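What follows is a single chain, given as structure tokens, in the form deposited in one PDB entry.
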């Protein structure tokens, strides 16, 4: 509350003032236990700072360090700001400026403009960027989609090294394994039989612990993807279970499903489902939709697998999701039908947070780089006070900058494995998202489930896409289209909402944009992929993501600001009020004396029907180039209740059906 004006002002006492001087300390730094030079800025950047020392130190408006809250800033403090001898050397306005340089190089113009927006909290970059930008070998990329190289030991161990090598800097991982022969399959080279998928998981799990993000930082985090027609499926969904045969689990990895529609059909038609080893049914994961059912269906009839009740596996699945909140569900066909990267071949997985959908292959590791726009920062008191409005014009302007920013990162990024440099330089996927969605709605006195909010959600995401395409367009005008652009849905003028079959909302001239794209190309294969934003929404102080509030009272106990103020204005904020939020989860519902309109504005995500949540997710998805991390929350979860969340969303044509499942 007050210890934010106080712990911020304390580090202002115990830290150097001039920027160029902080760079100097970092650049010159030497590990004392080893007498070894351990610089924390790169040559390229160090130089830049020096040759503009005056222009740069006089940019940094230091009164801007007071835009961060209590835990906003103590998060920047504990893990983000660069550290001399356990002592913090970087002020928050120093991390920003360094990030801006780390991104912009000799374009000190772009640098300064990027510095201003980050300091006035218009937007921010994902954690890898904030940590590493402007430093010796800058690894600014959050996520990696990796292919299992081949159904062999060589392939397996080659993929296992790669995962270590990636895990050792720090990037999540999405690995897919559709091709590993299942328990029992023959091996020609040793007249032997396979123990299947689980022991293989176990090795990876293991490397995931050993390679603790560059030694002593964070233990690795892997998402693994399968298609539910793989014969090891029952054991694969159970990987995070709490009970028995320890030798058969793998508690530090996340199972995700790559779900073909056929599967969903079978389940609702209460029919059969057939399980295969990839060696008996080759090719199932190198095609989708119709061509897939044609081929799946034939393999089937040919006696090639083991059939059970489609519904047996489904029950298995819901059982696991209820207990672990996993596996995730990403819809394979939905993904491939509506991806701008379809000319590349069949996309085989998503990432760790289920927002990225990008082509991956043995020699191509899909990479993506994220930033998030701060939705609340564009709200303004109207043109006659006593009333508020949203500035879509600025938002558009802003998304353009972040779009350009995310490009430079592609060029100035340091790549852990050659597969990822090959991948990223060819297709250039970028990933924008949002935060403060629930805050924006709140500020505007629009409940999350209203028709105004529903409308707002649509138009916010419209301008963000339209902008991120406009600017990807200008860049292709300057630097050429991405190399793999010829052939894409985009090159024909098919944009994201076109392939969902909808007219756009229309707040922006889509006809003109498409004309230019068709004409000159765009720089990026992809652009929009709203992410969890867990770490960075904390720092800016917004509710993460697009999810609504889980609670109006967090934990040290902090009550939702926007509500807090409302209560005291309505002269009802005493102690009885504080105490009916403490044990009762922070739900202002059914509460002795609180106006029905506040009750409508301050709903906990458990009080929003998951039918409404899905709808809005389905609405913004028309402008989402990739997918998005859709978490689901039920209180009293019956088997059927889950069953209609999955089916509803699938029938909505969602790419990501479910990320997590938070329960109870």
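Numbering follows the first chain given and starts at 1. Superpose the two forms; the largest set of C-alphas matching within 1.5 Å is the rigid core.
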Taking the other compared entries of this protein, do a third or more of them lack coordinates for residue 218? yes
Would residue 554 be found without coordinates in at least a third of the other compared entries? yes
Deposited but uncoordinated residues in the residue 555/residue 556 interval: 4 to 9
Per the record, averaged over C-alpha atoms, which has the higher B-factor: 303-311 or 559-567? 559-567
Hey, which bit's got the bigger mean C-alpha B factor in the entry, 248-256 or 225-233? 248-256
Highest recorded Cα temperature factor - choice among 84, 130, 275, 368: 84
Highest CA B factor of 124, 351, 216, 340, as deposited, is found at 216
Residue 629: which third of its chain by C-alpha temperature factor? middle
Going by the CA temperature factor in the PDB record, which third of the chain does residue 74 belong to: lowest, middle or highest? highest
If you rank the chain by CA B-factor, which third does residue 11 end up in: lowest, middle or highest? highest
Among the chain's modelled residues, which third holds the C-alpha B-factor of residue 644? middle
Relative C-alpha B-factor of residue 622, binned into the chain's lowest, middle or highest third: lowest
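Unshown form deposited with a small molecule bound; subsequent notes refer to it.
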The small molecule in the entry with it bound: contacting segment from 98-106, 286-294, 379-387, 532-540, heavy atom within 4.5 Å: 532-540
So which of 430, 522, 353, 437 gets a non-hydrogen atom within 4.5 Å of the small molecule in the entry with it bound? 353
Contact residue in the entry with it bound, from 416, 327, 138, 172 (heavy atom within 4.5 Å of the small molecule): 172
4.5 Å heavy atom contact, residue 580 to the small molecule in the entry with it bound: no
Is the gap between residue 217 and the small molecule in the entry with it bound 4.5 Å or less for some heavy atom pair? yes
May I ask you to check whether residue 128 falls inside a 4.5 Å heavy atom distance of the small molecule in the entry with it bound? yes
Even though the small molecule is not shown here, does residue 488 get within 4.5 Å of it in the entry with it bound, heavy atoms only? no
Mobile residue between this form and the one not shown, C-alpha criterion 2 Å or more, rigid core, from 87, 593, 216, 242: 216
